[PDB]
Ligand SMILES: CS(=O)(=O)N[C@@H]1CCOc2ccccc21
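Just the one chain here, the form deposited without this ligand, laid out as structure tokens.
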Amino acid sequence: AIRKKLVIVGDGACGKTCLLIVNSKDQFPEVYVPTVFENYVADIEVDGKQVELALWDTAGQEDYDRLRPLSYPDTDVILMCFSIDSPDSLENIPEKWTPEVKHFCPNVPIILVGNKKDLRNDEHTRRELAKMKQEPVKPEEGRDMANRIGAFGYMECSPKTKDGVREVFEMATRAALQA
């Protein structure tokens, strides 16, 4: 079986840990974990061959900036996340996450992931953003950002509803196999 390492990065509260949990497990207890602290793998078949993906979670808050690069050695694919309910998290993609990953993971493919797709049409989300004259991220803004940062692709998903999640890991596997 082919062995590849995936790392997930992005602002806090954007759904990173949930994305890793929903694709790897059938049940998760009632506990909040900042990062997956157990060895989670994704077993994916692509083009008629079996790939095993080690999934490495990170903490996006600034207090962790100094220790986060311990997760980067020998990465084969990056999932770089923002949340569709947070325009601020999208702004941090070119400003923080892109230069950090390009430094520690040179030439490693990046999948830009717009998480929490279910909140784009959520009434409560729309009201909370609207009160500050904001709105959910539009798909065209994510495509534009993937062009700006040189990502391998842009995908949207919801760890909550599961929509789009399998496709994220399949494209990440395809990307990891190119090099």
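Residues carry their position along the shown sequence, with the first being 1.
The same protein also exists as the form deposited with this ligand bound; that form is not shown, yet it is the one meant from here on.
Visitor: Would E95 count as touching this ligand in the deposited bound form under a 4.5 Å heavy atom rule?
Guide: Residue-level check for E95: yes, a contact with this ligand.
Visitor: Is there a heavy atom of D65 no more than 4.5 Å from a heavy atom of this ligand in the deposited bound form?
Guide: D65 belongs to the contact set for this ligand.
Visitor: If you apply a 4.5 angstroms heavy atom cut-off, which residues in 96 to 126 are near this ligand in the deposited bound form?
Guide: Heavy-atom contacts within 4.5 Å come from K96, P99, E100, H103, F104.
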